[PDB]
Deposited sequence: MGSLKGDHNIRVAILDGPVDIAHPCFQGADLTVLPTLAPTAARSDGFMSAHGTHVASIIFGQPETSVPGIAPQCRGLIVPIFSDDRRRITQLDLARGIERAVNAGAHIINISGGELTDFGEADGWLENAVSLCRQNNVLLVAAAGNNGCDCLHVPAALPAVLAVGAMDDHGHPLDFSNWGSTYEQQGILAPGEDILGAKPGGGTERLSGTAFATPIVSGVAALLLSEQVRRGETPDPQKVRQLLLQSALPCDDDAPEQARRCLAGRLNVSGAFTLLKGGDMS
């Protein structure tokens, strides 16, 4: 993403595990933690602290640190929903985090998680929270899941969501990335192999999966919103989704709507000629 860094007027919420905001890669970031019901304190031995710190660093890691982020100048809203405790969290817990983020003025909500479903069915609370995003023009960007099946996770499969699958550095979809029917319309592939991110308590690690491709797309979406602001436009998250989907590049079914095409998305935004 070269020299583009984002605009502090664009708010990106990370709904994940705890984030170690004391990691050196976040020095200079504008991050606000919004306690919801899950613990907010990061632990170096926590699986969800690891997950959330890594995901957050992909977007908000600062230039010249150990993890350069995609949109280091955007405002980050950290909304911990995943827990280091053994217990899973529910679709209701997700819905609560989504409402927290919408109410805090998020433009983009990154959810690097979800639940496997038969048909993209979801609990009513989660359906309602996603509807709230759609009604307020807040873009939910969500992980497709790693099962590798003709199947769907929620919230990735839900209306107006941007689902994100994983590709390798040659642009081929990973085996371990889901490709259910709804993703052909609203899913894109982003880099998901050996993605650099921060570790709670210090250091970095390269991780693979749709959870790590997801924040790359959220970051790019944030840069596109930032460009809208620069142009004197009202930020329009659902338009940014449309631009990302329209500009996605061909690779059959495991390509989803296509591969993330950042230069193409910017060219379409700049020309005004989306069709």
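The chain's deposited sequence has one unresolved stretch at 252-258, with no C-alpha coordinates there.
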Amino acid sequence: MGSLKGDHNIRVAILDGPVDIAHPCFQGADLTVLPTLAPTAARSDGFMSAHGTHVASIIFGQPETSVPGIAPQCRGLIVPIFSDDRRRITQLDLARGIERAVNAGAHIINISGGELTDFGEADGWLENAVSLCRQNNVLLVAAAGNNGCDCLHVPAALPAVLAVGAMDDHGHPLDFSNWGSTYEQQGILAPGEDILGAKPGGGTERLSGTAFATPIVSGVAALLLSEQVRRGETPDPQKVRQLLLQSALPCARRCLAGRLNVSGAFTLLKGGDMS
From here on, numbers count along this sequence of modelled residues.
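The mean C-alpha temperature factor is higher for 133-141 when 153-161 and 133-141 are set side by side. Remark: stretch with higher mean C-alpha B factor among 237-245 and 56-64 is 56-64. You'll see in the entry that, of 180, 171, 192, 148, the Cα B factor peaks at 171. Each of 257, 260, 15, 21 has a CA temperature factor in the record; the biggest one is found at 21. For residue 10, the recorded CA temperature factor ranks within the middle third of the chain's modelled residues. Among the modelled residues of the chain, residue 188 sits in the lowest third by CA temperature factor in this PDB entry.
When the modelled residues of the chain are ordered by their C-alpha B factor, residue 49 lands in the middle third.
Split the chain's modelled residues into thirds by C-alpha temperature factor. Residue 268 is in the lowest one.
In the PDB entry, residue 38 places in the highest third of its chain by CA B-factor.
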